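Undergrad: Protein chains in written order, with PDB author numbering: chain L, 1 to 213; chain H, 1 to 52, 52A, 53 to 82, 82A to 82C, 83 to 99, 101 to 127, 133 to 213.
Heads up, the beta-carbon is just placed ideally off N, CA and C, and yes, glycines get one too.
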Amino acid sequence: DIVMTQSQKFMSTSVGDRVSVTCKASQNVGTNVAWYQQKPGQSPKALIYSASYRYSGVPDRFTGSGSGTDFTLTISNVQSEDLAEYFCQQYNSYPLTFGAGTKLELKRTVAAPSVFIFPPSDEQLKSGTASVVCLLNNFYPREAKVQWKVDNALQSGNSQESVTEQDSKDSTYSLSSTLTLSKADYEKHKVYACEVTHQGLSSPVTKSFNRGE
Amino acid sequence: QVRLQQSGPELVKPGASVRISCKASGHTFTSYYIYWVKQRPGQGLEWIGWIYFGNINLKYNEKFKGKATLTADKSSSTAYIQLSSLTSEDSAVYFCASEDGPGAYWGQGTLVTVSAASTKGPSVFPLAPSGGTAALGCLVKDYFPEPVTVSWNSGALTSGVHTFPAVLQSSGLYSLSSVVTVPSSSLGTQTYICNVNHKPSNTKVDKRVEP
Ligand SMILES: CCC(=O)N(c1ccccc1)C1CCN(CCc2ccccc2)CC1
């Protein structure tokens, strides 16, 4: 199987800007490469065939190029209706393979996350399992890093992040980080902190609580 | 010129089978292809195969042989895909796609949901608000399968609500949080209910959240 690598999973643009979505094939596919657009809920719409030829109904701001192994879909003068996910695909050999997709998202001013931390509920403490939740609210850009430090000790493996899709009103993201412990280990530790680094934060911010208010 | 229209959404059980249809309208001639494509939720596209309406030629994606059977009726200009021995790995949206002259067309998609043999409703735990805006929410833990559906104050609270995409825990069970930001002055005067619906287990859980 030929692998269509789209190294950019997210890209930011303003209306009017020019953006280039890249795609690299693991083997030579000539110019037999297509591009597709998909908005949430909608079906995918075919944009380009033969690397540089537009399908019917596709505006001229969508230019495809590339050959052999490297391919690029360039959108000039981006309009609001161009914010979507974009997939490349090869059809030079079987099996036909799509790329992983690139989401084209709206550029905006940097916004630091409002950070909140939630202790586990006494209800859940009866479950023998304890979940500590840290919320990063309405920030930009998407890149953020959360660390969990229990009695100042870096955590690993025992945590899971989740990130919202970009907001259609204020163009921010939000992120939740959940630390799952046994109630056993939760009770034999005291300080619970989530450490937030972000481009809008002038220095890393740790939000924390001591078990027992 | 060409309009692809597919069959309705399928809700089936493991080990069973479904047959999806894709009627192509707008063709006078049979010299066209129907391609079938799979998309699991929040994932990319995967090509299943194609069928040519001129002579009913076929190509399958090799990893779909035995899973997918492609057939075509010229008379009603309708393509069909049958999916057999259904598993959880088969739950997806299935699109059909076609070309005509310089144009390219896709169907509206057919969602196939393969139900779980074992279902779990969500445990809903309060995320209690311990500068002048507070955050509160509901941790929606250990449910299976997808999807969950969360509301606040029976639809009356929407601004500031973030319901996070589910994350599949190490236990094979889904967990998510739904949060809201509200003015901290309201914590002593406004009641906050998260309304959680999980239809696989007919679970409707309305959870009170207080400081
Ligand atoms: C997996 C789907 C797929 O690969 N394709 C497709 C796309 C949309 C809808 C149906 C199928 C195309 C197959 C062949 N085209 C090039 C032949 C061509 C080009 C321009 C007009 C008419 C024909 C490129 C991709």
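Based on DSSP bridge pairs, tell me the residues matched to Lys23 of chain H.
TA: According to DSSP, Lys23 of chain H bridges with H:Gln5 and H:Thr77.
Undergrad: Out of H:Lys206, H:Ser82B, H:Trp50 and H:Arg210, point me to the one whose CA is closest to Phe122 of chain H's CA.
TA: Of H:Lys206, H:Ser82B, H:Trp50 and H:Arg210, the residue nearest in Cα terms is H:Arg210.
Undergrad: Would you kindly check if the distance between the Cβ of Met4 of chain L and the Cβ of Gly99 of chain L is under 7 Å?
TA: Yes, these two residues count as a Cβ contact at 7 Å.
Undergrad: Could you tell me whether any non-hydrogen atom of ligand 1 is closer than 6 Å to the CB of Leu96 of chain L?
TA: The answer is yes for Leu96 of chain L.
Undergrad: Please confirm whether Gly44 of chain H has its beta-carbon closer than 7 Å to some beta-carbon of chain L.
TA: Yes - at least one Cβ of chain L is within 7 Å of the one on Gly44 of chain H.
Undergrad: Terminal residues of the continuous alpha helix (DSSP H) containing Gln124 of chain L?
TA: Where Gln124 of chain L is concerned, the enclosing alpha helix (DSSP H) stretches over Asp122 to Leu125.
Undergrad: Please list the terminal residues of the continuous beta strand (DSSP E) segment that includes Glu85 of chain L.
TA: Residues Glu85 to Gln90.
Undergrad: Which residues bound the alpha helix (DSSP H) around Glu187 of chain L?
TA: Residues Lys183 to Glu187.
Undergrad: Just list the residues that DSSP pairs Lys107 of chain L with in beta bridges.
TA: Its beta-bridge partners do not exist; DSSP assigns none.
Undergrad: Going by the DSSP bridge assignment, what does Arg210 of chain H pair with across the sheet?
TA: Partner(s): H:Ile195.
Undergrad: Please work out which residues of its chain come closer than 7 Å, Cβ to Cβ, to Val15 of chain L, disregarding the five sequence neighbours upstream and downstream, and give them in chain order.
TA: Only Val78, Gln79 and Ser80 meet the Cβ criterion.
Undergrad: Counting along the chain, where does the beta strand (DSSP E) carrying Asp96 of chain H start and finish?
TA: Here the beta strand (DSSP E) through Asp96 of chain H covers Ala88 to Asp96.
Undergrad: Whole angstroms is fine: what's the gap from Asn158 of chain L's alpha carbon to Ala111 of chain L's?
TA: Cα to Cα, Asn158 of chain L sits roughly 28 Å from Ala111 of chain L.
Undergrad: Under the DSSP definition of a beta bridge, which residues are partnered with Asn137 of chain L?
TA: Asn137 of chain L pairs with L:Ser114.
Undergrad: Among H:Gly99, H:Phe146, H:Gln171 and H:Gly134, which residue has its Cα nearest to the Cα of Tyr53 of chain L?
TA: For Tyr53 of chain L, the nearest C-alpha among the options comes from H:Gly99.
Undergrad: Any heavy atom of ligand 1 closer than 6 Å to the beta-carbon of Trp35 of chain L?
TA: For ligand 1, not one heavy atom lies less than 6 Å from the Cβ of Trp35 of chain L.
Undergrad: Which of the three DSSP states, helix, strand or coil, is assigned to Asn60 of chain H?
TA: Note: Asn60 of chain H maps to coil in three-state DSSP.
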